[PDB]
């Protein structure tokens, strides 16, 4: 009697990052709330739900999912179907099913506020538990072997739950209800300290070593890192000597935003990036108090991160100083991920070790990011970001592997509407880096069920990535480097039309046998036209000039030597003769149009540096010292087949300023403004010719905050719609995404079968 129940059934599939986020317990709880019966389980394509009940209750259930999905979920699609009623008697979370699809994998996540409260609560049984996590935080990618996500397919598979954790797991009122990684002191991983004898707890042993000025190798989420007191001058010097990493700045971990603000300017948008559970290193302008010498000498920025694992919060209560965190490897080798590996490879580097017995399946570096010109500008996309895919507007024609470049390598694999760009792999410069690259390609193919049908690669035949591409038994598409930079940005912004592409970087292989890197293109995703570039200058020695930048300067001034007397006289007389003869005789000489080399020529000419320890160092120092000015240098654009600007004419005025006694800061500002001004002028010329109003800025020179912001502002004020990289780097870390979407566009055209 009364209202007759009307029972309906719906099948619901949810796609995206929808596993390892506590979606199963969430669904269970809202299904109970709305008196629905049925089942939920992880399948190979995401999340599968069957619910039966009143239509009104099903609708409210769906609305709850849409309105407040789990915190770590990144839902891309929800499918809802009417199905027949089975007369389920209850609602249950059931076993996972492998049905042959594929599903995205969550990045590793920083400790949530609930776990942090429990960690610091002396009455909680997880008080000071170094591996505390829950459905809303902790390692994911780093410990996942396979999908559908479940404890048995993670390195927690060798840590069976104790009776207490199992009770929590099976208790619908517990916040760890069906939490796949649930563990505790009794059943979970443990720390292991190796050094000298210490009778204190492991974290305290680490704190003491750090206070004594020693180097600690710490097993973290993505691999090992080496730490020292960032206020300790000699400790930092010792770390640099032992790692053999002498120039590149060190990132530092600080306890909280309050501490960071003592050393850095922190905007609200930068504060948001720091505090994100993604927990990257964020590049921040220095202000106020100073860290030790040898952290970031001659730069105006510091790379800062906050604690991201429970061990960091524990360590922070024991020390009163920020710490260097640099990856645990000898310079130029992949980050160590295994205990045995670390103890062997870091034996002459670290003084003591903080190990643990939770296997790292997939090693991954810290991410490096920033906020500039109204958006996040990522530099190194790794822990906390990768392996989250870039969303494509349309499903792909077929799966493509894009092999990436040489510097800062990533590869990218497409499937469905995702571009799975890999985490940062590193400079593909040696056998160890290459072996690691190769293994990551195999692991991403397995993890995401990708079987590449076509391989995309750079035109540069010397990249190990290119050699790898050619080694495969697949059709190949070659992609010009600068075209790929522009396409990487187009991909993020769903652009698929001809844009004005400003591709500024150090070196990319051009189609005319020369080095490119200061190019203006008109391109879409399937072609490019080169419209403008810098007048080619000889670069004697090729790889030698990368680090001996006075050689780059000599190349830029080769045909007007007598003008730069003071500079040329500083070069050793015999070496000078040889360099000039080599240029003249075309011995080991490349011809370059390059914003990176232009920057190096300026830095050398005004005596910033004559030699550099790492690629781009001189350009970073030049940017860091710049003054506040609107002044700039005269330039000339000559139009023949293409528009060309001669950088040497600008170098003449720079050297004139230098001889007169102008401050380096002022000269740098004038130089930066000149590049902005001529680039703007070229863009306007091109718009007048073509009607094109979209401008894309990419290539590693746009890591320069000033160039990027000023050009975006100036172009925007003149009506352009301006785009630059945000989710992937404008440096070579982003190249694989551009290669992927270019090759994909070609596949769907008439010029491919």
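Residue numbers count along the first chain shown, from 1.
According to the PDB record, 8 to 16 carries the higher mean C-alpha B-factor of the two stretches 8 to 16 and 733 to 741.
Looking at mean Cα B-factors across 202 to 210 and 541 to 549, the upper value is held by 541 to 549. The PDB entry assigns the greatest CA B-factor among 109, 398, 281, 479 to 398. Across the options 660, 485, 533, 140, the residue with the most elevated CA B-factor in the record is 660.
Ranked by C-alpha B-factor against the other modelled residues of its chain, residue 376 falls in the lowest third. Sort the chain's modelled residues by C-alpha temperature factor and residue 29 lands in the middle third, per the entry. Annotation for residue 392: C-alpha temperature factor in the highest third relative to the rest of the modelled chain, per the entry.
Ranked by Cα temperature factor within the chain, residue 42 sits in the lowest third according to the deposited record. Per the deposited record, the Cα B-factor of residue 384 falls in the lowest third when ranked against the other modelled residues of its chain.
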